file data-v5.pdb (PDB, C-alpha atoms)
ATOM      1  CA  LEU A 971     -63.031 -34.637 -41.825  1.00  0.00           C
ATOM      2  CA  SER A 972     -60.001 -32.371 -42.136  1.00  0.00           C
ATOM      3  CA  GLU A 973     -59.699 -33.478 -45.768  1.00  0.00           C
ATOM      4  CA  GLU A 974     -63.329 -32.840 -46.800  1.00  0.00           C
ATOM      5  CA  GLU A 975     -64.123 -29.819 -44.632  1.00  0.00           C
ATOM      6  CA  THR A 976     -60.852 -28.215 -43.564  1.00  0.00           C
ATOM      7  CA  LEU A 977     -58.472 -28.941 -46.450  1.00  0.00           C
ATOM      8  CA  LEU A 978     -60.872 -28.361 -49.362  1.00  0.00           C
ATOM      9  CA  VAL A 979     -63.020 -25.392 -48.372  1.00  0.00           C
ATOM     10  CA  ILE A 980     -60.372 -23.296 -46.601  1.00  0.00           C
ATOM     11  CA  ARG A 981     -58.131 -23.735 -49.648  1.00  0.00           C
ATOM     12  CA  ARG A 982     -61.129 -22.385 -51.552  1.00  0.00           C
ATOM     13  CA  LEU A 983     -61.200 -19.586 -48.962  1.00  0.00           C
ATOM     14  CA  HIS A 984     -57.479 -18.974 -49.514  1.00  0.00           C
ATOM     15  CA  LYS A 985     -58.099 -19.102 -53.268  1.00  0.00           C
ATOM     16  CA  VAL A 986     -60.752 -16.383 -52.997  1.00  0.00           C
ATOM     17  CA  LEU A 987     -59.348 -14.246 -50.154  1.00  0.00           C
ATOM     18  CA  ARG A 988     -55.825 -14.067 -51.608  1.00  0.00           C
ATOM     19  CA  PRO A 989     -55.617 -10.367 -52.870  1.00  0.00           C
ATOM     20  CA  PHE A 990     -57.626  -8.944 -49.961  1.00  0.00           C
ATOM     21  CA  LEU A 991     -55.932 -10.039 -46.755  1.00  0.00           C
ATOM     22  CA  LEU A 992     -52.345  -9.092 -45.977  1.00  0.00           C
ATOM     23  CA  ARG A 993     -50.674 -10.303 -42.802  1.00  0.00           C
ATOM     24  CA  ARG A 994     -47.008 -10.043 -41.962  1.00  0.00           C
ATOM     25  CA  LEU A 995     -45.450 -10.392 -38.541  1.00  0.00           C
ATOM     26  CA  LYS A 996     -43.268  -8.387 -36.224  1.00  0.00           C
ATOM     27  CA  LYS A 997     -40.541 -11.024 -36.565  1.00  0.00           C
ATOM     28  CA  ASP A 998     -40.917 -10.988 -40.358  1.00  0.00           C
ATOM     29  CA  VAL A 999     -40.043  -7.297 -40.425  1.00  0.00           C
ATOM     30  CA  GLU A1000     -37.863  -6.879 -37.310  1.00  0.00           C
ATOM     31  CA  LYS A1001     -37.109 -10.157 -35.423  1.00  0.00           C
ATOM     32  CA  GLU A1002     -37.092  -7.894 -32.330  1.00  0.00           C
ATOM     33  CA  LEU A1003     -39.860  -9.967 -30.691  1.00  0.00           C
ATOM     34  CA  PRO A1004     -38.134 -11.310 -27.542  1.00  0.00           C
ATOM     35  CA  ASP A1005     -39.763 -14.689 -26.813  1.00  0.00           C
ATOM     36  CA  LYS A1006     -42.931 -16.639 -27.205  1.00  0.00           C
ATOM     37  CA  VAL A1007     -43.966 -14.294 -24.358  1.00  0.00           C
ATOM     38  CA  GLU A1008     -47.299 -15.976 -23.578  1.00  0.00           C
ATOM     39  CA  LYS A1009     -47.092 -18.133 -20.457  1.00  0.00           C
ATOM     40  CA  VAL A1010     -49.646 -19.473 -17.965  1.00  0.00           C
ATOM     41  CA  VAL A1011     -49.822 -19.940 -14.191  1.00  0.00           C
ATOM     42  CA  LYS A1012     -52.115 -21.452 -11.548  1.00  0.00           C
ATOM     43  CA  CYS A1013     -53.382 -20.332  -8.139  1.00  0.00           C
ATOM     44  CA  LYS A1014     -55.299 -21.892  -5.249  1.00  0.00           C
ATOM     45  CA  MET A1015     -58.378 -21.007  -3.208  1.00  0.00           C
ATOM     46  CA  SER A1016     -59.249 -20.730   0.470  1.00  0.00           C
ATOM     47  CA  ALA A1017     -61.519 -23.308   2.090  1.00  0.00           C
ATOM     48  CA  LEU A1018     -63.767 -20.608   3.561  1.00  0.00           C
ATOM     49  CA  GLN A1019     -64.172 -19.355  -0.024  1.00  0.00           C
TER
ATOM     50  CA  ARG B1265     -54.673 -32.153 -26.488  1.00  0.00           C
ATOM     51  CA  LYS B1266     -52.662 -33.561 -23.572  1.00  0.00           C
ATOM     52  CA  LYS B1267     -53.516 -30.350 -21.708  1.00  0.00           C
ATOM     53  CA  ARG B1268     -57.181 -31.209 -22.307  1.00  0.00           C
ATOM     54  CA  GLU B1269     -56.688 -34.551 -20.547  1.00  0.00           C
ATOM     55  CA  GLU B1276     -46.862 -26.216  -6.634  1.00  0.00           C
ATOM     56  CA  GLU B1277     -45.584 -22.680  -7.275  1.00  0.00           C
ATOM     57  CA  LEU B1278     -46.063 -21.492  -3.668  1.00  0.00           C
ATOM     58  CA  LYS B1279     -42.300 -21.172  -3.209  1.00  0.00           C
ATOM     59  CA  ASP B1280     -40.433 -18.114  -4.447  1.00  0.00           C
ATOM     60  CA  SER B1281     -38.418 -19.900  -7.142  1.00  0.00           C
ATOM     61  CA  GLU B1282     -41.275 -20.691  -9.541  1.00  0.00           C
ATOM     62  CA  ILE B1283     -42.490 -17.115  -9.117  1.00  0.00           C
ATOM     63  CA  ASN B1284     -38.873 -16.029  -9.616  1.00  0.00           C
ATOM     64  CA  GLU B1285     -38.779 -17.994 -12.894  1.00  0.00           C
ATOM     65  CA  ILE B1286     -41.482 -15.797 -14.430  1.00  0.00           C
ATOM     66  CA  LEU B1287     -40.279 -12.254 -13.772  1.00  0.00           C
ATOM     67  CA  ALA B1288     -36.578 -12.985 -14.253  1.00  0.00           C
ATOM     68  CA  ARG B1289     -36.232 -14.022 -17.945  1.00  0.00           C
ATOM     69  CA  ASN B1290     -32.507 -14.284 -17.077  1.00  0.00           C
ATOM     70  CA  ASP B1291     -30.152 -15.425 -14.338  1.00  0.00           C
ATOM     71  CA  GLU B1292     -29.533 -11.881 -13.055  1.00  0.00           C
ATOM     72  CA  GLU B1293     -33.022 -11.154 -11.712  1.00  0.00           C
ATOM     73  CA  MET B1294     -33.138 -14.586 -10.033  1.00  0.00           C
ATOM     74  CA  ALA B1295     -30.613 -13.420  -7.424  1.00  0.00           C
ATOM     75  CA  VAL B1296     -32.176 -10.017  -6.673  1.00  0.00           C
ATOM     76  CA  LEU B1297     -35.496 -11.639  -5.738  1.00  0.00           C
ATOM     77  CA  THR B1298     -33.727 -13.541  -2.941  1.00  0.00           C
ATOM     78  CA  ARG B1299     -33.690 -10.338  -0.878  1.00  0.00           C
ATOM     79  CA  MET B1300     -37.486 -10.693  -0.844  1.00  0.00           C
ATOM     80  CA  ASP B1301     -37.067 -14.236   0.527  1.00  0.00           C
ATOM     81  CA  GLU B1302     -36.144 -13.013   4.025  1.00  0.00           C
ATOM     82  CA  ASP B1303     -39.538 -11.354   4.579  1.00  0.00           C
ATOM     83  CA  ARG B1304     -42.031 -13.255   2.422  1.00  0.00           C
ATOM     84  CA  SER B1305     -40.759 -16.832   2.863  1.00  0.00           C
ATOM     85  CA  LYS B1306     -38.439 -16.651   5.886  1.00  0.00           C
ATOM     86  CA  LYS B1307     -40.493 -13.890   7.592  1.00  0.00           C
ATOM     87  CA  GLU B1308     -38.144 -13.143  10.516  1.00  0.00           C
TER
END
call {"tool": "encode", "arguments": {"input": "data-v5.pdb", "output": "structure tokens"}}
result
Amino acid sequence: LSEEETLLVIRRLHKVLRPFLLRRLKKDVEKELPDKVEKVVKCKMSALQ
Amino acid sequence: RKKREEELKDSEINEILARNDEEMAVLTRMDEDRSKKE
């Protein structure tokens, strides 16, 4: 399903949308990005709530 | 995909806001009131 749908048609999307979209990164131009800064945490609840 | 299918102590909360070994020590002064609590 990745071959038929995802590999074929998005390569057709990349074939068409090539000279329209332009995306570079902060690390491509600087490397001053400190970390993969996104982290996650968990919390609890109270039994009355 | 494995994520598809605690931290009450100070140290795991210290691990977030530190990003280094230096800030790990300065959050121990907040361990005598929050965790110890007289």
call {"tool": "closest_atom_pairs", "arguments": {"input": "data-v5.pdb", "of": "chain A", "to": "chain B", "cutoff": "12 Å", "atoms": "all atoms listed in the file", "output": "CSV"}}
result
residue,atom,partner,partner_atom,distance
A:1004,CA,B:1289,CA,10.2
A:1005,CA,B:1289,CA,9.6
A:1006,CA,B:1289,CA,11.7
A:1007,CA,B:1289,CA,10.1
A:1008,CA,B:1286,CA,10.8
A:1009,CA,B:1286,CA,8.6
A:1010,CA,B:1286,CA,9.6
A:1011,CA,B:1277,CA,8.6
A:1012,CA,B:1277,CA,7.9
A:1013,CA,B:1277,CA,8.2
A:1014,CA,B:1278,CA,9.4
call {"tool": "write_last_selection", "arguments": {"input": "data-v5.pdb", "atoms": "C-alpha atoms", "output": "PDB file, keeping the file's coordinate frame"}}
result
ATOM      1  CA  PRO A1004     -38.134 -11.310 -27.542  1.00  0.00           C
ATOM      2  CA  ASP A1005     -39.763 -14.689 -26.813  1.00  0.00           C
ATOM      3  CA  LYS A1006     -42.931 -16.639 -27.205  1.00  0.00           C
ATOM      4  CA  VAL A1007     -43.966 -14.294 -24.358  1.00  0.00           C
ATOM      5  CA  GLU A1008     -47.299 -15.976 -23.578  1.00  0.00           C
ATOM      6  CA  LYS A1009     -47.092 -18.133 -20.457  1.00  0.00           C
ATOM      7  CA  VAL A1010     -49.646 -19.473 -17.965  1.00  0.00           C
ATOM      8  CA  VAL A1011     -49.822 -19.940 -14.191  1.00  0.00           C
ATOM      9  CA  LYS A1012     -52.115 -21.452 -11.548  1.00  0.00           C
ATOM     10  CA  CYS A1013     -53.382 -20.332  -8.139  1.00  0.00           C
ATOM     11  CA  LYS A1014     -55.299 -21.892  -5.249  1.00  0.00           C
TER      12      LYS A1014
END
call {"tool": "axis_aligned_box", "arguments": {"input": "data-v5.pdb", "around": "segment 1001-1018 of chain A", "padding_each_side": "3 Å", "output": "JSON"}}
result
{"center_x": -50.4, "center_y": -15.6, "center_z": -15.9, "size_x": 32.7, "size_y": 21.4, "size_z": 45.0}
call {"tool": "atom_distance", "arguments": {"input": "data-v5.pdb", "atom1": "atom CA of residue 1279 of chain B", "atom2": "atom CA of residue 1306 of chain B"}}
result
10.9 Å
call {"tool": "atom_distance", "arguments": {"input": "data-v5.pdb", "atom1": "atom CA of residue 1280 of chain B", "atom2": "atom CA of residue 1015 of chain A"}}
result
18.2 Å
call {"tool": "atom_distance", "arguments": {"input": "data-v5.pdb", "atom1": "atom CA of residue 1287 of chain B", "atom2": "atom CA of residue 1304 of chain B"}}
result
16.3 Å
call {"tool": "resolve_selection", "arguments": {"input": "data-v5.pdb", "expression": "the PyMOL selection byres ((chain B and resi 1297) around 9)", "output": "NGL selection string"}}
result
:B and (1280-1281 or 1284 or 1288 or 1293-1296 or 1298-1301)
call {"tool": "decode", "arguments": {"input": "data-v5.pdb", "residues": "segment 981-1006 of chain A", "atoms": "N, CA and C atoms", "output": "CSV table (one decimal), in the first residue's frame"}}
result
chain,number,residue,atom,x,y,z
A,981,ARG,N,5.5,10.8,-5.3
A,981,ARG,CA,6.6,11.0,-6.2
A,981,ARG,C,6.0,11.8,-7.4
A,982,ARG,N,4.8,11.6,-7.8
A,982,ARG,CA,4.1,12.4,-8.8
A,982,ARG,C,3.8,13.8,-8.3
A,983,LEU,N,3.5,13.9,-7.0
A,983,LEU,CA,3.4,15.2,-6.3
A,983,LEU,C,4.7,15.9,-6.2
A,984,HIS,N,5.8,15.2,-5.9
A,984,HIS,CA,7.1,15.8,-5.9
A,984,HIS,C,7.5,16.2,-7.3
A,985,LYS,N,7.1,15.4,-8.3
A,985,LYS,CA,7.4,15.7,-9.7
A,985,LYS,C,6.8,17.0,-10.1
A,986,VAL,N,5.5,17.2,-9.7
A,986,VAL,CA,4.8,18.4,-10.1
A,986,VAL,C,5.1,19.6,-9.2
A,987,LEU,N,5.1,19.4,-7.9
A,987,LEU,CA,5.4,20.5,-6.9
A,987,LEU,C,6.9,20.8,-6.7
A,988,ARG,N,7.7,20.5,-7.7
A,988,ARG,CA,9.2,20.8,-7.5
A,988,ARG,C,9.5,22.3,-7.5
A,989,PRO,N,9.2,23.1,-8.6
A,989,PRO,CA,9.6,24.5,-8.6
A,989,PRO,C,8.6,25.4,-8.0
A,990,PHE,N,7.9,25.0,-7.0
A,990,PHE,CA,6.9,25.8,-6.3
A,990,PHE,C,7.3,25.9,-4.8
A,991,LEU,N,7.5,24.8,-4.2
A,991,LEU,CA,7.8,24.7,-2.8
A,991,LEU,C,9.3,24.8,-2.5
A,992,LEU,N,9.7,25.6,-1.5
A,992,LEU,CA,11.1,25.7,-1.1
A,992,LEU,C,11.1,25.6,0.4
A,993,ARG,N,11.7,24.6,1.0
A,993,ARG,CA,11.9,24.5,2.4
A,993,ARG,C,13.3,24.1,2.7
A,994,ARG,N,13.9,25.0,3.5
A,994,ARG,CA,15.2,24.8,4.1
A,994,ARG,C,15.0,24.7,5.6
A,995,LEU,N,16.0,24.5,6.4
A,995,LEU,CA,15.9,24.4,7.8
A,995,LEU,C,16.7,25.5,8.5
A,996,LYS,N,16.5,25.5,9.8
A,996,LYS,CA,17.4,26.4,10.6
A,996,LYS,C,18.8,25.8,10.8
A,997,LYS,N,18.9,24.4,10.9
A,997,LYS,CA,20.1,23.8,11.0
A,997,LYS,C,20.9,23.7,9.6
A,998,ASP,N,20.1,23.8,8.5
A,998,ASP,CA,20.7,23.9,7.2
A,998,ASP,C,21.5,25.2,7.0
A,999,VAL,N,21.0,26.2,7.6
A,999,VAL,CA,21.5,27.6,7.4
A,999,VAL,C,22.4,28.0,8.6
A,1000,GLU,N,22.1,27.5,9.8
A,1000,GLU,CA,22.9,28.0,10.9
A,1000,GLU,C,23.6,26.8,11.7
A,1001,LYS,N,22.9,25.7,12.0
A,1001,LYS,CA,23.2,24.7,12.9
A,1001,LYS,C,23.0,25.1,14.4
A,1002,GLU,N,22.5,26.3,14.6
A,1002,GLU,CA,22.4,26.9,16.0
A,1002,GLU,C,21.2,26.3,16.7
A,1003,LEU,N,20.4,25.4,16.1
A,1003,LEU,CA,19.3,24.8,16.8
A,1003,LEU,C,19.9,23.9,17.9
A,1004,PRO,N,19.5,24.1,19.2
A,1004,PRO,CA,20.2,23.4,20.3
A,1004,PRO,C,20.0,21.9,20.4
A,1005,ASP,N,18.8,21.4,20.4
A,1005,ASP,CA,18.5,20.0,20.6
A,1005,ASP,C,17.3,19.6,19.6
A,1006,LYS,N,16.9,18.4,19.7
A,1006,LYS,CA,15.6,18.0,19.4
A,1006,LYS,C,14.6,18.4,20.5
